[PDB]
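Participant: For reference, the file entry.cif (mmCIF, C-alpha atoms) is included below:
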data_my_file
loop_
_atom_site.label_atom_id
_atom_site.label_comp_id
_atom_site.auth_asym_id
_atom_site.auth_seq_id
_atom_site.Cartn_x
_atom_site.Cartn_y
_atom_site.Cartn_z
CA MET E 1 65.45 85.72 87.71
CA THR E 2 62.13 83.85 87.49
CA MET E 3 59.71 82.98 90.31
CA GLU E 4 60.72 79.30 89.91
CA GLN E 5 64.41 80.16 90.27
CA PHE E 6 63.66 82.45 93.22
CA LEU E 7 61.78 79.80 95.22
CA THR E 8 64.62 77.35 94.71
CA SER E 9 67.22 80.04 95.61
CA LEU E 10 65.66 80.30 99.09
CA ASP E 11 66.87 76.77 99.84
CA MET E 12 70.31 77.36 98.30
CA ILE E 13 70.71 80.54 100.40
CA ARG E 14 69.59 78.65 103.51
CA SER E 15 72.14 75.84 102.89
CA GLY E 16 74.94 78.43 102.91
CA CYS E 17 73.92 79.82 106.31
CA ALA E 18 71.92 77.30 108.35
CA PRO E 19 74.84 74.90 109.19
CA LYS E 20 76.75 77.72 110.94
CA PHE E 21 74.02 77.98 113.57
CA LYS E 22 71.99 75.89 115.99
CA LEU E 23 68.49 76.28 114.63
CA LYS E 24 65.02 74.80 115.10
CA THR E 25 63.25 73.58 111.93
CA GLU E 26 59.91 74.98 113.12
CA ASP E 27 61.54 78.43 113.46
CA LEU E 28 62.95 78.29 109.93
CA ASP E 29 59.55 77.10 108.62
CA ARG E 30 57.94 80.20 110.16
CA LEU E 31 60.51 82.65 108.75
CA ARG E 32 60.16 80.97 105.32
CA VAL E 33 56.49 82.07 105.20
CA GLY E 34 57.36 85.52 106.66
CA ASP E 35 56.02 84.82 110.16
CA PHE E 36 58.46 86.63 112.48
CA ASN E 37 55.90 86.70 115.32
CA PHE E 38 57.84 84.71 117.91
CA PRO E 39 60.90 85.41 120.05
CA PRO E 40 64.15 84.52 118.23
CA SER E 41 67.24 82.87 119.73
CA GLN E 42 70.55 84.69 119.15
CA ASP E 43 71.41 81.91 116.65
CA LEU E 44 68.28 82.67 114.58
CA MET E 45 69.02 86.41 114.64
CA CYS E 46 72.57 85.76 113.47
CA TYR E 47 71.17 83.45 110.79
CA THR E 48 69.19 86.42 109.36
CA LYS E 49 72.50 88.34 109.35
CA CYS E 50 74.33 85.60 107.40
CA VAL E 51 71.48 85.57 104.86
CA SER E 52 71.49 89.39 104.53
CA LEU E 53 75.32 89.41 104.20
CA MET E 54 74.97 86.92 101.33
CA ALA E 55 72.59 89.37 99.60
CA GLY E 56 75.13 92.16 100.13
CA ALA E 57 72.41 94.23 101.84
CA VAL E 58 74.27 94.78 105.14
CA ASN E 59 77.87 95.10 106.34
CA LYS E 60 79.42 93.07 109.14
CA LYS E 61 78.15 95.66 111.69
CA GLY E 62 74.55 94.90 110.68
CA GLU E 63 74.14 98.31 109.07
CA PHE E 64 71.49 98.24 106.33
CA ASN E 65 72.66 99.82 103.04
CA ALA E 66 69.46 100.80 101.23
CA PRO E 67 71.14 102.22 98.10
CA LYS E 68 73.07 98.93 97.76
CA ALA E 69 70.01 96.77 98.55
CA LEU E 70 68.03 98.50 95.76
CA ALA E 71 70.97 98.11 93.35
CA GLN E 72 71.13 94.40 94.21
CA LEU E 73 67.36 93.69 94.11
CA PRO E 74 67.22 92.95 90.35
CA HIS E 75 69.61 90.06 91.13
CA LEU E 76 67.90 89.01 94.39
CA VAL E 77 64.15 88.86 93.66
CA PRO E 78 61.88 88.14 90.66
CA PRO E 79 60.17 91.06 88.81
CA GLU E 80 56.85 90.04 90.52
CA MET E 81 58.33 90.83 93.93
CA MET E 82 60.33 93.95 93.01
CA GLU E 83 57.80 96.60 94.06
CA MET E 84 56.98 94.91 97.40
CA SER E 85 60.71 94.65 98.14
CA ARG E 86 61.49 98.28 97.21
CA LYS E 87 58.59 99.34 99.49
CA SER E 88 59.97 97.24 102.36
CA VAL E 89 63.50 98.57 101.76
CA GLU E 90 62.22 102.16 102.00
CA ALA E 91 59.96 101.55 105.02
CA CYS E 92 62.69 99.71 106.97
CA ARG E 93 65.85 101.60 105.89
CA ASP E 94 66.35 103.11 109.37
CA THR E 95 65.22 100.13 111.51
CA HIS E 96 68.87 99.19 112.26
CA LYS E 97 69.59 102.57 113.88
CA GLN E 98 67.45 101.67 116.93
CA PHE E 99 69.71 98.69 117.68
CA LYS E 100 73.38 98.26 118.59
CA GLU E 101 74.32 94.62 117.98
CA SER E 102 74.82 93.41 114.38
CA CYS E 103 72.61 90.30 114.55
CA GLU E 104 69.85 92.27 116.30
CA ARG E 105 70.06 95.08 113.70
CA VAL E 106 69.55 92.65 110.83
CA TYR E 107 66.88 90.46 112.43
CA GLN E 108 64.77 93.51 113.37
CA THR E 109 65.20 94.86 109.81
CA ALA E 110 64.00 91.50 108.34
CA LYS E 111 61.06 91.45 110.77
CA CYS E 112 60.25 94.97 109.59
CA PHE E 113 60.48 93.72 105.97
CA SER E 114 57.95 91.00 106.86
CA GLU E 115 55.55 93.40 108.63
CA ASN E 116 55.66 96.02 105.86
CA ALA E 117 55.36 93.47 103.03
CA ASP E 118 52.21 94.21 101.01
CA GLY E 119 52.18 90.60 99.70
CA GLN E 120 53.60 87.20 100.63
CA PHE E 121 57.05 87.58 102.18
CA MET E 122 59.55 84.74 102.12
CA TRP E 123 62.80 84.44 104.05
CA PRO E 124 65.47 81.94 102.98
#
Write out the structure in this file as structure tokens.

Facilitator:
Amino acid sequence: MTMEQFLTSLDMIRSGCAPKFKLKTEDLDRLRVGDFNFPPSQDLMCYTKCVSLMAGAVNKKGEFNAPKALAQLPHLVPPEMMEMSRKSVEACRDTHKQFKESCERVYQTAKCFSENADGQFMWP
């Protein structure tokens, strides 16, 4: 995909997930720019799970599948963002193991993605 297609995909991904949850716009604005530095509601955590399920990167237990994530990346992110993403996948592959609940596992993994990102990070 191209950068242009990627940026637009963020909104299409969000539309598939956001209506299932009770979410604040200001929260979603902050995740969109990769700012995970605020306490999340359980709804927002489960939102990150719905998004990550859509990518095929986690199972329903919130377990992060790094081999599958890497195999999917060519279809998830533009070439410009590939290296950053692969670096975040590697650095955060075992984040989920410190948590028990599926929404928590995924949210903390996405937060880790955002904190390890060596460039601009964008969440749907």

Participant: Could you state which residues are captured by the PyMOL selection byres ((chain E and resi 103) around 6) in this file, as a VMD selection string?

Facilitator: chain E and resid 45 to 46 49 101 to 102 104 to 106

Participant: Mind writing the picked residues with C-alpha atoms as a PDB file, in the coordinates of the input?

Facilitator:
ATOM      1  CA  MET E  45      69.020  86.410 114.640  1.00  0.00           C
ATOM      2  CA  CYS E  46      72.570  85.760 113.470  1.00  0.00           C
ATOM      3  CA  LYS E  49      72.500  88.340 109.350  1.00  0.00           C
ATOM      4  CA  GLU E 101      74.320  94.620 117.980  1.00  0.00           C
ATOM      5  CA  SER E 102      74.820  93.410 114.380  1.00  0.00           C
ATOM      6  CA  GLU E 104      69.850  92.270 116.300  1.00  0.00           C
ATOM      7  CA  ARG E 105      70.060  95.080 113.700  1.00  0.00           C
ATOM      8  CA  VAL E 106      69.550  92.650 110.830  1.00  0.00           C
TER       9      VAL E 106
END

Participant: Can you pull out every residue within 12 Å of residue 82 in chain E, counting all atoms listed in the file, but drop anything in the same chain fewer than 4 positions away, and send it as a list in words?

Facilitator: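 In the requested form, the answer reads residues 1, 2, 3, 6, 69, 70, 71, 72, 73, 74, 75, 76, 77, 78, 86, 87, 88, 89, 117, 118, 119 and 121 of chain E.
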
Participant: Please check which residues have atoms at most 10 Å from (69.9, 83.6, 117.9) in the file's coordinates, counting all atoms listed in the file, and write them as JSON, numbers by chain.

Facilitator: {"E": [21, 22, 23, 39, 40, 41, 42, 43, 44, 45, 46, 47, 48, 103, 104, 107]}

Participant: Please, could you write that set of residues out with C-alpha atoms as a short mmCIF file (atom, residue, chain, number, x, y, z; two decimals), in the frame of the given file?

Facilitator:
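Saved the output as selection37.cif:
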data_model
loop_
_atom_site.label_atom_id
_atom_site.label_comp_id
_atom_site.auth_asym_id
_atom_site.auth_seq_id
_atom_site.Cartn_x
_atom_site.Cartn_y
_atom_site.Cartn_z
CA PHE E 21 74.02 77.98 113.57
CA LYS E 22 71.99 75.89 115.99
CA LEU E 23 68.49 76.28 114.63
CA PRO E 39 60.90 85.41 120.05
CA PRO E 40 64.15 84.52 118.23
CA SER E 41 67.24 82.87 119.73
CA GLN E 42 70.55 84.69 119.15
CA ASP E 43 71.41 81.91 116.65
CA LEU E 44 68.28 82.67 114.58
CA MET E 45 69.02 86.41 114.64
CA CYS E 46 72.57 85.76 113.47
CA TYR E 47 71.17 83.45 110.79
CA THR E 48 69.19 86.42 109.36
CA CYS E 103 72.61 90.30 114.55
CA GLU E 104 69.85 92.27 116.30
CA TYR E 107 66.88 90.46 112.43
#

Participant: Can you tell me, as a ChimeraX atom specification, what residues are no more than 12 Å from residue 114 in chain E when counting all atoms listed in the file, ignoring any on the same chain fewer than 6 positions away?

Facilitator: /E:30-37,84-85,87-89,91-92,107-108,120-123

Participant: Report the distance between CA of residue 60 in chain E and CA of residue 98 in chain E in Å, rounded to one decimal place.

Facilitator: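 Between CA of residue 60 in chain E and CA of residue 98 in chain E the gap works out to 16.7 Å.
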
Participant: Take CA of residue 13 in chain E and CA of residue 51 in chain E and report the distance between them in Å, one decimal.

Facilitator: 6.8 Å

Participant: What's the separation between CA of residue 63 in chain E and CA of residue 116 in chain E, in Å to one decimal place?

Facilitator: 18.9 Å

Participant: Residues picked by the PyMOL selection byres ((chain E and resi 57) around 9) here, as a count of residues only?

Facilitator: 16

Participant: Check the smallest atom-to-atom distance from each of E:80, E:113, E:50, E:5 to residue 17 in chain E using only C-alpha atoms, then report the winner.

Facilitator: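 Residue with the minimum atom-to-atom distance to residue 17 in chain E: E:50.
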